[PDB]
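Structure record follows, encoded as structure tokens.
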């Protein structure tokens, strides 16, 4: 789905991204990114012949911090994009209400179907 | 270990070297080795045997595998799993085989024929039917307590 | 006293943590509390709940 | 009566203690044969009473409990009925097998695997009892395959001896032919009469009695060593001696025609079926008679004799006379 | 505890004994010895258990239901309507299964009481069994395994439409 | 070991597709299949047309 | 259920940060604790299934299979020693962690909300078993077996994804609840026939049916014991579970197009029972036994009676337990002699006396032990198929006869008749094998007592 | 931790628990409803499980 008002260049975090609730502490996706950072540092120590689970503790801390930071900004952009998709959808509903009629919601007392007996 | 030359790739041509290596690997006399031959039914180049081997191999030879009839070195039969005692008795019959099957089928046909002759010719005795008292057990047969009572009675003879 | 084996303690802690998270998920999905049409009553008898 | 039902249920339950007793032993027994002998004698002194109370009274009753799968319009419980033949047939089997306990004390006196032998033999008796008491036909099927596989084990008691396991394989194969006949009867009963329960079966007797009767004929020839399905009987005589005595004296040999006795209002009709009954039994009788001459193995001789007696009982089922056939079972 | 007006039984036609014997009667001596050596231990143990039940009281309660409206009053999608209607329908299905179970149990009891007089005293009960099973064979049977309720409703509409066509042709 | 390895793994070589082997294969694999398929055709058409007539033995036929 | 997923994530680093001679007891103990924890599962009642979250919901089809999976894990985790005791500690940790990850994707697979999640966890189930059998196959064609396995299961299971996205964008969301409420008959077009053939053919390949079962013998003769039991029990009965869930939609055309699968299933069941009657290599006999029983399962699925579904799930659970037990018996024989064949190791009534009890009991459970769950399943399937057709009982009973036959021959070939008196290296019967057999067969008899659990949602 | 605390405890857990499919509940419900319908004279299991007056059949 194309921009949609690139006037207003690429703008990694836009102005209206502060007009929506940001994600919070212990949300599961950033926790997944944090475990991904722990596994990143652990496997970094596993590349070279330095021992695993030791002697890379600042690398553990730096990789986990960096991934949580990056993933937090990515989550903010993600929720912005879904919100603007929602607003564009409902605004096109408002622009052409006539093209989308309410379907004939019959109750099942008057609905005829087929039966197709299995035996 | 296990050398690759103890498997069996390739068939029986050509006749010097294949029969030579078959006598090597199969521990057999050269003319005693026989290919099948190959007919697209797999089989490699596996030996053909005299194919009975279990009611043969008389028990007093006292070989090494007593309930297998092996010798620890044999061409084992390709269809050995059907041959063993407890599976198929390939004995020499006391009489024949064709005489056996023909007289058994003739006996079966005779007995069933006389059964059908009996089924058209029953026994019966100088006895009439049973004169049940109440409309042949009506209300103790199928019922109908108010549908159909019927007048029918026996007369004394 | 706990440091003799800190290994065997781990999986009941994991189970209790998952159970607490499932109860928090059920609190997040706490709609249609008395709005159902068959299992319906008021905020009664004690205090203002029908499941928690 | 609480007395009557209680005594029948304890004739069932007193053949449950010794198996779990030696499985809970973790010691070394000596007089476990004496223990099994005295508990079979106890079973007989319990089971002598309800037959006397029966012919004194009547009161022909059914018991049923511990239901499971009340799923669709049926439910099946552990359910058995004490009636005329199913009640007076128990003490005969108990007393006969008590004699076989004595004869097995003598016969297998010098072979120290006697404990596993008596466990198999007792479990075979229990399975045969659960067969002959039941009206819920799934319990009949339980006892049916159970006495088939205990027959397998008792024939193949002597491991080694290719005769034995050959024989046992033949016996179990012909009993699976009995099984396909019995499950065909079971399937017809379920689909047409909502259950396999002889109360409802004999309450609603249909006139189409052809497919279940053919299933009954196939179960009968699978069990009772009939023409074409006989030769596992001398093969079965290749087992040990009181094994063969119990296996083809009372138990396991009359159970095929026992079911046909049990279905007598179902086989009041369909004279085509009774014609097939008597013709088949006559075929068995004369075939094993002509085979029975010129044979020199005494076990096989008595096997041919009892095959002929089973043929006379098949004739006795063919004519509408089931109670003479049951009296022939006992004698 | 069971309602005899929903579990019917004929009363106890108890014949009086009549000897005409001088052996006399081993079974009477046996049943009096049975009562003396069996019933009183059973009575003592059951009375102790009955007092220990009489200590305090527990109470199991029948879960009671309303009537959520209908499946035919739900629309074509109505997701918070169909769920209520069809679980109520499933409970109707299972309780109707147990109706059929109860009637078939009564048939078995009528068979066993009368002995061999099957054509006596089992008339109304056989007839109501045939009635309920004709309703069941016509209503729930030939539809399949993934019923929800709507297959049964389609069967219902097609059944009454076939009968409407039948009476329209036969009138 | 030689008999086992010849019996299991040394079948697929050596193979050639002969016309007699192929016709015998297509007869021993497809013959009984189309035989039982024809008889299921037969029995199912008879039973379904019979219950479409409505003259089944469904006096009570619950356990389907 | 999330409280069943998250201790499995906690069970993985247990294996890592436990030390030498300390990983084993901790993993075994704690996975048995998880077996208790999901023995606590069965809250399911009445009208619906037990349904908790956008994430999770569990039927009583999924309930016994999930309990069976978590019960089969620690038994297996004890079963897979004696062939990696001499291997490395790190490679041992990799093995055990791969098993735990495989269990995790099994539970993920059984409690899927939408069928897309079911497919993702389906091929997630597919992937590590490959690594298990290829890294510890212990025979020269584990190459070919893993290659056949992955290619058949992908390339049969590949159009299933396309058909699921098509059902996604034609009928709204793919959750099983609303699809249970928004089904509608899709009549005899040809695209309906292709779509039905896609979904059913993918799960056909997973069962396997007779048409392409050829990966299954190599995948059991050329696999270690852990991957073999996981493969057979949980993967084949998972395929059956998946067909049970997807078959709710597409009702109107199955009368048109369900005939030939029934045909291939029945005739291939008979031919499979024929081909296992004669073969050597004892380990393969259980595999062809599995092919026969799952052909019976497939017949039970494609006929559509609640009797048939209850018998189907009974046969699922019963053959899972029986085949896993019998695999471990074959593994015990392969630990005794290094043969894998059938005619070499003979005797064994003298030697190992109570091992005979377990062989007898296993051949009884293959033999349809008369109150066992196996007989319940086979019996109700025969009932429903005799309702479906009055002539198919011939093939069912012929299957019954040959089933009894090959089970009995599997018994008496190995443990009857003569000890070969030249082997002389068997150790006596370990407590490990008897412990594993008591872990197998006591639950089977307990479920034989009160089988109202193991009957499915159409109870 | 496989037998003494798993096997027998799971055995006593599955030996009795609240009934699947509300089974004893269905028993008592069926007893109550059959006593109801036999008290009010009408036959038990009235067929046509939905209201035939409350149906809208599309005619021919």
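One is the number of the first residue shown, and numbering goes on along the chain from there.
Every residue, even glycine, has its Cβ placed from backbone N, Cα and C.
The transmembrane segment annotation in Swiss-Prot covers G:22-42, G:60-80, G:98-118, G:147-167, G:196-216, G:224-244, G:256-276, G:284-303, G:308-330, G:351-371, G:391-411.
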Region pair the transmembrane segment (G:60-80) / the transmembrane segment (G:196-216), three or more CB pairs under 8 Å: no
Criterion met for the transmembrane segment (G:391-411) and the transmembrane segment (G:147-167) (at least three Cβ pairs under 8 Å): no
Among the ranges G:22-42, G:147-167, G:224-244, G:284-303, G:351-371, the one whose Cβ pairs under 8 Å to the transmembrane segment (G:98-118) are most numerous: G:224-244
Residue numbers, six or more beyond the limits of the transmembrane segment (G:256-276), whose CB comes under 8 Å of its CB atoms: 188, 193, 196-197, 200, 204, 209-211, 213, 284-285, 288-289, 291-292, 295-296, 298-299, 302-303, 392, 395, 398-399, 402-403, 406
Long-range Cβ neighbours of the transmembrane segment (G:196-216) (under 8 Å; 6 or more residues past either end): 145, 148-149, 152-153, 156-160, 162-164, 235-236, 238-240, 242-243, 246-247, 250, 253-254, 257, 261, 264-265, 267-269, 271-272, 287, 290-291, 294-295, 297-298
